[PDB]
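A short worksheet on the structure shown next.
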Amino acid sequence: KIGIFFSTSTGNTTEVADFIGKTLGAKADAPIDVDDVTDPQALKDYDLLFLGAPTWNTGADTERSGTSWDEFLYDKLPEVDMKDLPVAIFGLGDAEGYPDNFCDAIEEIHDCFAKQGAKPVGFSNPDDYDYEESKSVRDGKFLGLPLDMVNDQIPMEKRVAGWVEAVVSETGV
Ligand SMILES: Cc1cc2nc3c(=O)[nH]c(=O)nc-3n(C[C@H](O)[C@H](O)[C@H](O)COP(=O)(O)O)c2cc1C
């Protein structure tokens with residue numbers, strides 16, 4: 001079973017989370033907003049997790065999403081043993097408004113989950129979007145899939161569907 005966990009402030013992330021669900025069909029559970037998670041142990045009942053979050057707190061070291069993820073990452077996640085579970089991160093941002101901080105929240109989610117033993121998958125080509133810098137680019141790769149739903153430089157559906165496919169291939173789920 002594949003799980004989809006996200007959070008949002010203005011609902012853009014929700015749209016993306018729903019779309020992933022549609023591409024996966026019966027293989028995925030309906031997306032769950034992190035704010036709705038009582039038991040963080042639920043995260044472990046899946047074979048693969050798609051995690052999504054926007055970036056709202058520009059330049060912040062921690063709590064970059066400005067969503068329920070900010071509390072969840074530090075108060076709840078530390079209690080979950082995620083050894084070997086693959087997680088694929090998608091993040092929403094604005095390459096035009098924040099050229100130097102493009103989808104910075106991806107790195108935070110990546111690092112927090114990695115610390116729990118999770119295995120990040122679904123890296124993407126940092127060249128897809130035009131931006132100057134991001135904390136989410138490491139070793140020549142984006143640590144997840146960045147999306148710009150503000151400027152729509154790249155049609156969302158085709159980009160996400162291709163990424164989902166790559167993730168399913170990589171993980172064998
Ligand atoms: C106040 C504000 C700050 C933002 N900061 C960033 C940022 O630092 N980096 C980025 O890539 N996008 C930034 N954005 C863009 C948001 O991530 C984007 O609008 C996103 O689609 C919102 O996702 P949501 O509707 O799920 O909350 C910011 C937007 C606003 C309004």
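Position 1 is the first residue of the sequence; numbering continues from there. Only this structure's heavy atoms are used, side chains among them; waters, hydrogens and symmetry mates stay out. Atoms within a ligand are numbered from 1 in the order they appear, just like the ligands themselves.
For the side chain to side chain donor-acceptor pair (under 3.5 Å) test with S65, the passing option among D70, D104, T55 is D70; the others fail.
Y129 is listed as a side-chain neighbour of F102, based on a closest heavy-atom distance under 4.5 Å.
No single ILVMFWY cluster, assembled from side-chain heavy atoms under 4.5 Å apart, contains both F6 and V164.
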Derivation and outcome, salt bridge (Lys or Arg N to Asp or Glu O under 4.0 Å), residues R64 and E107: CA-CA 9 Å; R64 301 183 189 166; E107 186 206 30; 2.8 Å; yes
Determine, step by step, whether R159 and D128 satisfy the salt bridge (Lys or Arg N to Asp or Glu O under 4.0 Å) criterion, reporting the C-alpha distance in whole Å, the side-chain angles of both residues, the deciding distance to 0.1 Å, and the verdict. CA-CA 10 Å; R159 168 172 185 80; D128 292 355; 2.7 Å; yes
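A heavy-atom cutoff of 4.0 Å around ligand 1 is satisfied by the protein residues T8, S9, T10, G11, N12, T13, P54, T55, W56, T58, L92, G93, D94, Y98, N101, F102, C103, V150.
Ion pairing between a basic and an acidic side chain is recognised when a charged N comes within 4.0 Å of a carboxylate O; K76 and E71 show such pairing.
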